[PDB]
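Structure file query_6.txt (compact mmCIF, C-alpha atoms and all ligand atoms) is printed below.
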# COMPACT_ATOMS: atom_id res chain seq x y z
CA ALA A 1 -32.23 97.50 -24.56
CA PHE A 2 -28.70 98.44 -25.26
CA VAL A 3 -27.78 98.95 -28.94
CA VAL A 4 -24.52 98.25 -30.90
CA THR A 5 -23.73 101.16 -33.28
CA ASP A 6 -21.35 102.08 -36.11
CA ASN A 7 -17.95 101.67 -34.68
CA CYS A 8 -18.40 97.92 -34.04
CA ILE A 9 -18.44 97.40 -37.88
CA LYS A 10 -15.06 95.94 -39.04
CA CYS A 11 -13.71 95.80 -35.46
CA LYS A 12 -16.01 93.14 -33.83
CA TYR A 13 -13.80 92.75 -30.76
CA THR A 14 -16.47 90.52 -29.09
CA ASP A 15 -15.45 91.51 -25.52
CA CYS A 16 -19.10 92.43 -24.88
CA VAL A 17 -20.35 88.86 -25.10
CA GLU A 18 -18.35 87.59 -22.12
CA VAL A 19 -20.20 89.82 -19.63
CA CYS A 20 -23.77 89.44 -20.91
CA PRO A 21 -25.88 87.52 -18.36
CA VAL A 22 -28.61 86.56 -20.84
CA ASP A 23 -26.58 86.01 -24.07
CA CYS A 24 -28.55 88.28 -26.31
CA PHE A 25 -25.80 89.06 -28.83
CA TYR A 26 -26.15 87.87 -32.42
CA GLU A 27 -23.32 87.57 -34.83
CA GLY A 28 -22.79 88.85 -38.29
CA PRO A 29 -19.68 88.64 -40.57
CA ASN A 30 -18.30 91.90 -39.31
CA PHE A 31 -20.66 93.38 -36.67
CA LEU A 32 -22.67 92.22 -33.58
CA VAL A 33 -26.25 93.14 -32.55
CA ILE A 34 -28.21 92.98 -29.29
CA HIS A 35 -31.62 91.38 -29.41
CA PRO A 36 -33.92 94.05 -27.79
CA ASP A 37 -36.47 91.69 -26.19
CA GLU A 38 -33.88 89.57 -24.52
CA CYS A 39 -31.62 92.34 -23.21
CA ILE A 40 -32.30 93.08 -19.56
CA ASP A 41 -30.52 96.48 -19.61
CA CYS A 42 -27.88 95.50 -17.07
CA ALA A 43 -25.35 97.88 -18.77
CA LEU A 44 -22.49 95.44 -18.15
CA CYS A 45 -21.41 95.26 -21.87
CA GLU A 46 -21.10 98.97 -22.51
CA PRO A 47 -17.81 99.35 -20.51
CA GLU A 48 -16.43 96.21 -22.20
CA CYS A 49 -16.58 97.38 -25.78
CA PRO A 50 -13.03 98.60 -26.79
CA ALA A 51 -14.72 100.51 -29.66
CA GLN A 52 -17.31 102.06 -27.35
CA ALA A 53 -19.92 101.20 -29.86
CA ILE A 54 -22.61 100.15 -27.30
CA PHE A 55 -25.19 102.64 -26.07
CA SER A 56 -28.24 102.55 -24.00
CA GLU A 57 -31.21 102.92 -26.38
CA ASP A 58 -32.05 106.32 -24.94
CA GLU A 59 -28.50 107.62 -25.44
CA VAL A 60 -27.88 106.42 -29.02
CA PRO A 61 -26.46 109.49 -30.86
CA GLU A 62 -28.81 111.41 -33.06
CA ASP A 63 -26.96 110.46 -36.24
CA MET A 64 -26.97 106.73 -35.22
CA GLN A 65 -30.65 106.20 -34.61
CA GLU A 66 -31.06 103.72 -37.50
CA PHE A 67 -28.96 101.23 -35.51
CA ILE A 68 -31.83 100.87 -33.05
CA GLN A 69 -34.09 99.12 -35.48
CA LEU A 70 -31.13 97.52 -37.32
CA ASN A 71 -30.11 95.69 -34.15
CA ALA A 72 -33.68 94.46 -33.84
CA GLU A 73 -33.96 93.22 -37.41
CA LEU A 74 -30.62 91.61 -37.70
CA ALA A 75 -30.99 89.86 -34.30
CA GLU A 76 -33.85 87.87 -35.82
CA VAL A 77 -31.69 86.55 -38.65
CA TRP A 78 -28.12 86.15 -37.34
CA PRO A 79 -26.87 83.30 -35.11
CA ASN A 80 -26.33 83.64 -31.34
CA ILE A 81 -22.73 84.11 -30.16
CA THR A 82 -21.90 83.31 -26.50
CA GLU A 83 -18.13 83.20 -26.44
CA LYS A 84 -15.43 85.77 -27.01
CA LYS A 85 -13.37 85.10 -30.13
CA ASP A 86 -10.46 87.05 -31.70
CA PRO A 87 -11.12 90.66 -33.06
CA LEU A 88 -11.48 91.05 -36.78
CA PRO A 89 -7.89 90.80 -38.14
CA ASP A 90 -7.39 94.52 -38.74
CA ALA A 91 -9.87 95.80 -36.15
CA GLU A 92 -7.59 98.56 -34.84
CA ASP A 93 -7.27 100.20 -38.29
CA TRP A 94 -11.00 100.54 -38.51
CA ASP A 95 -11.60 101.42 -34.85
CA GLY A 96 -12.46 105.12 -34.97
CA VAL A 97 -13.33 105.37 -38.69
CA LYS A 98 -16.72 107.05 -39.19
CA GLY A 99 -19.61 105.98 -41.52
CA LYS A 100 -18.77 102.26 -41.49
CA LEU A 101 -22.40 101.23 -42.01
CA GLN A 102 -21.68 101.27 -45.78
CA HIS A 103 -19.36 98.29 -45.11
CA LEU A 104 -21.89 96.20 -43.19
CA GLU A 105 -22.12 92.61 -44.37
CA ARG A 106 -25.27 90.54 -44.05
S1 LIG A 201 -27.11 95.42 -21.23
FE1 LIG A 201 -26.71 93.41 -20.24
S2 LIG A 201 -28.35 92.13 -21.09
FE2 LIG A 201 -28.13 93.86 -22.53
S3 LIG A 201 -26.64 93.17 -24.05
FE3 LIG A 201 -25.59 94.39 -22.52
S4 LIG A 201 -24.77 92.80 -21.16
FE4 LIG A 201 -26.46 91.75 -22.29
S1 LIG A 202 -16.63 96.07 -31.20
FE1 LIG A 202 -18.58 95.09 -31.37
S2 LIG A 202 -18.31 92.88 -30.93
FE2 LIG A 202 -18.86 93.87 -28.96
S3 LIG A 202 -16.92 94.40 -28.02
FE3 LIG A 202 -17.63 96.21 -29.20
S4 LIG A 202 -19.77 95.83 -29.61
Since I need it in another form, could you write the structure as structure tokens?
Amino acid sequence: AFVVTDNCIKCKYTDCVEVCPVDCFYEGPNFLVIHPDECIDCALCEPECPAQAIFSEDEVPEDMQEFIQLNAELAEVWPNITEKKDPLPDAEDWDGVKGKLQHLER
């Protein structure tokens, strides 16, 4: 599975969903997650993310390991998103800011 990590929080560009063949992205107020059992590891989404927040599971940075299980848990409770929508209104201000997990909304 591929995993969405910190820098998606408060950006949520949603470019990643247009390339996913199996539609395994789930939507939260201000972040997206990949459902691990549905992802077929095609790697097509990782180049699409403007925030470069998507990583192959095996390449998730050492200080971002919690996102692995967080993607799994939140994918069981958030709704499925299959279409690109507009970025969060001030996505570019937050793109690049570190430690955004403290701002995650359920
Ligand atoms: S690797 Fe492919 S299947 Fe997995 S989320 Fe990305 S685009 Fe979808
Ligand atoms: S910001 Fe998040 S919504 Fe997709 S395009 Fe990047 S993982």
Using only C-alpha atoms, which residue out of A:9, A:54, A:68, A:17 lies closest to residue A:91? A:9
Counting all atoms listed in the file, which protein, DNA or RNA residues come within 12 Å of ligand LIG 202 (chain A), given as a tab-separated table (two decimals) with C-alpha atoms, in the frame of the given file?
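Ended up saving to part_13.tsv:
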chain	number	residue	atom	x	y	z
A	2	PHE	CA	-28.70	98.44	-25.26
A	3	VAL	CA	-27.78	98.95	-28.94
A	4	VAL	CA	-24.52	98.25	-30.90
A	5	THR	CA	-23.73	101.16	-33.28
A	6	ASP	CA	-21.35	102.08	-36.11
A	7	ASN	CA	-17.95	101.67	-34.68
A	8	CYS	CA	-18.40	97.92	-34.04
A	9	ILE	CA	-18.44	97.40	-37.88
A	10	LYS	CA	-15.06	95.94	-39.04
A	11	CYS	CA	-13.71	95.80	-35.46
A	12	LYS	CA	-16.01	93.14	-33.83
A	13	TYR	CA	-13.80	92.75	-30.76
A	14	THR	CA	-16.47	90.52	-29.09
A	15	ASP	CA	-15.45	91.51	-25.52
A	16	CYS	CA	-19.10	92.43	-24.88
A	17	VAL	CA	-20.35	88.86	-25.10
A	18	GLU	CA	-18.35	87.59	-22.12
A	19	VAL	CA	-20.20	89.82	-19.63
A	20	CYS	CA	-23.77	89.44	-20.91
A	24	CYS	CA	-28.55	88.28	-26.31
A	25	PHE	CA	-25.80	89.06	-28.83
A	26	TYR	CA	-26.15	87.87	-32.42
A	27	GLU	CA	-23.32	87.57	-34.83
A	28	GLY	CA	-22.79	88.85	-38.29
A	29	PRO	CA	-19.68	88.64	-40.57
A	30	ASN	CA	-18.30	91.90	-39.31
A	31	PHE	CA	-20.66	93.38	-36.67
A	32	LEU	CA	-22.67	92.22	-33.58
A	33	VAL	CA	-26.25	93.14	-32.55
A	34	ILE	CA	-28.21	92.98	-29.29
A	44	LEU	CA	-22.49	95.44	-18.15
A	45	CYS	CA	-21.41	95.26	-21.87
A	46	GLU	CA	-21.10	98.97	-22.51
A	47	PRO	CA	-17.81	99.35	-20.51
A	48	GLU	CA	-16.43	96.21	-22.20
A	49	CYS	CA	-16.58	97.38	-25.78
A	50	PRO	CA	-13.03	98.60	-26.79
A	51	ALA	CA	-14.72	100.51	-29.66
A	52	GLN	CA	-17.31	102.06	-27.35
A	53	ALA	CA	-19.92	101.20	-29.86
A	54	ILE	CA	-22.61	100.15	-27.30
A	55	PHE	CA	-25.19	102.64	-26.07
A	71	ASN	CA	-30.11	95.69	-34.15
A	81	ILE	CA	-22.73	84.11	-30.16
A	82	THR	CA	-21.90	83.31	-26.50
A	83	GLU	CA	-18.13	83.20	-26.44
A	84	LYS	CA	-15.43	85.77	-27.01
A	85	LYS	CA	-13.37	85.10	-30.13
A	86	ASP	CA	-10.46	87.05	-31.70
A	87	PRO	CA	-11.12	90.66	-33.06
A	88	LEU	CA	-11.48	91.05	-36.78
A	91	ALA	CA	-9.87	95.80	-36.15
A	92	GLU	CA	-7.59	98.56	-34.84
A	94	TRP	CA	-11.00	100.54	-38.51
A	95	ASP	CA	-11.60	101.42	-34.85
A	96	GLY	CA	-12.46	105.12	-34.97
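Our summary of the geometry notes that atom CA of residue A:56 is positioned 13.3 Å from atom CA of residue A:69.
For residue A:35, the set of protein, DNA and RNA residues having any atom at most 6 Å away, when counting all atoms listed in the file and skipping those fewer than 2 positions along the same chain, is residues 24, 37, 38, 72 and 75 of chain A.
Coordinates place atom CA of residue A:70 at a distance of 17.4 Å from atom CA of residue A:98.
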Around all the atoms of ligand LIG 201 (chain A) listed in the file, with 8 Å of room on each side, what axis-aligned box do you get, giving centre and edge lengths in Å to one decimal, as lines of an AutoDock Vina configuration file?
center_x = -26.6
center_y = 93.6
center_z = -22.1
size_x = 19.6
size_y = 19.7
size_z = 19.8
Provide the atom CA of residue A:73 to atom FE1 of ligand LIG 201 (chain A) distance in Å, to one decimal place. 18.6 Å
Could you check which of A:1, A:89, A:41, A:22 is closest to residue A:60, using only C-alpha atoms? A:1
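With all atoms listed in the file as the atoms that count, the minimum distance from residue A:78 to the choices A:58, A:40, A:106, A:23 is reached by A:106.
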Would you save stretch 11-96 of chain A from the block above with C-alpha atoms, as a CSV table (one decimal), in the first residue's frame?
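Saved result, result.csv, follows:
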chain,number,residue,atom,x,y,z
A,11,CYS,CA,-3.4,21.2,1.8
A,12,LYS,CA,-5.6,18.3,0.5
A,13,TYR,CA,-5.0,19.1,-3.1
A,14,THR,CA,-6.9,15.9,-4.2
A,15,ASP,CA,-4.8,15.5,-7.4
A,16,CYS,CA,-4.0,11.9,-6.3
A,17,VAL,CA,-7.6,10.7,-6.6
A,18,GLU,CA,-7.8,11.3,-10.4
A,19,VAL,CA,-5.1,8.7,-11.2
A,20,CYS,CA,-6.1,5.9,-8.8
A,21,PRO,CA,-7.4,2.9,-10.8
A,22,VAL,CA,-9.2,1.3,-7.8
A,23,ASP,CA,-10.5,4.4,-5.9
A,24,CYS,CA,-9.1,3.6,-2.5
A,25,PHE,CA,-8.8,7.2,-1.2
A,26,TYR,CA,-11.0,8.2,1.8
A,27,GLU,CA,-11.8,11.7,2.7
A,28,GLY,CA,-11.5,13.7,5.9
A,29,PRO,CA,-12.1,17.4,6.6
A,30,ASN,CA,-8.5,18.3,5.9
A,31,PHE,CA,-6.5,15.2,4.9
A,32,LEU,CA,-6.9,12.1,2.6
A,33,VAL,CA,-6.0,8.4,3.4
A,34,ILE,CA,-5.4,5.3,1.3
A,35,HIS,CA,-7.2,2.2,2.3
A,36,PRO,CA,-4.3,-0.4,2.5
A,37,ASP,CA,-6.3,-3.5,1.4
A,38,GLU,CA,-7.7,-1.9,-1.6
A,39,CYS,CA,-4.5,-0.2,-2.9
A,40,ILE,CA,-2.8,-2.3,-5.6
A,41,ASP,CA,0.5,-0.4,-5.3
A,42,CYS,CA,0.5,0.9,-8.8
A,43,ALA,CA,2.5,4.0,-7.7
A,44,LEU,CA,0.5,6.3,-10.0
A,45,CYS,CA,-0.6,8.8,-7.2
A,46,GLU,CA,2.8,9.5,-5.7
A,47,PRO,CA,3.9,11.7,-8.7
A,48,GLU,CA,0.5,13.5,-8.6
A,49,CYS,CA,0.6,14.8,-5.1
A,50,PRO,CA,1.8,18.5,-5.3
A,51,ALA,CA,2.7,18.2,-1.5
A,52,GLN,CA,4.6,15.0,-2.1
A,53,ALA,CA,2.9,13.6,0.9
A,54,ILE,CA,2.4,10.0,-0.6
A,55,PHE,CA,5.0,7.3,0.0
A,56,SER,CA,5.3,3.7,-0.6
A,57,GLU,CA,4.8,1.9,2.7
A,58,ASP,CA,8.3,0.7,2.8
A,59,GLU,CA,9.7,4.3,2.2
A,60,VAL,CA,7.6,6.2,4.7
A,61,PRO,CA,10.1,8.4,6.7
A,62,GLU,CA,11.2,7.2,10.0
A,63,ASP,CA,9.5,10.1,11.8
A,64,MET,CA,6.2,9.5,9.9
A,65,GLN,CA,5.6,5.8,10.6
A,66,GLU,CA,2.4,6.5,12.6
A,67,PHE,CA,0.7,7.5,9.4
A,68,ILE,CA,0.9,3.9,8.2
A,69,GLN,CA,-1.6,2.7,10.7
A,70,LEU,CA,-3.5,6.1,10.7
A,71,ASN,CA,-4.3,5.6,7.0
A,72,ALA,CA,-5.6,2.2,7.8
A,73,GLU,CA,-7.8,3.3,10.7
A,74,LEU,CA,-9.2,6.4,9.2
A,75,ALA,CA,-10.0,4.6,5.9
A,76,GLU,CA,-12.5,2.5,7.8
A,77,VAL,CA,-14.4,5.5,9.0
A,78,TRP,CA,-14.2,8.3,6.4
A,79,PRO,CA,-16.2,8.4,3.1
A,80,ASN,CA,-14.8,7.4,-0.3
A,81,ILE,CA,-13.7,10.3,-2.6
A,82,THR,CA,-13.4,9.5,-6.4
A,83,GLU,CA,-13.2,13.0,-7.9
A,84,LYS,CA,-10.7,15.8,-7.8
A,85,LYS,CA,-12.1,18.9,-6.0
A,86,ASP,CA,-10.5,22.3,-5.3
A,87,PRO,CA,-7.5,22.4,-2.8
A,88,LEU,CA,-8.2,23.5,0.7
A,89,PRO,CA,-8.5,27.4,0.4
A,90,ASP,CA,-5.1,28.2,1.8
A,91,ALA,CA,-3.3,25.0,0.9
A,92,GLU,CA,-0.2,26.7,-0.4
A,93,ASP,CA,0.5,28.4,3.0
A,94,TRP,CA,0.5,25.1,4.8
A,95,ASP,CA,2.3,23.2,2.0
A,96,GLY,CA,5.8,22.6,3.5
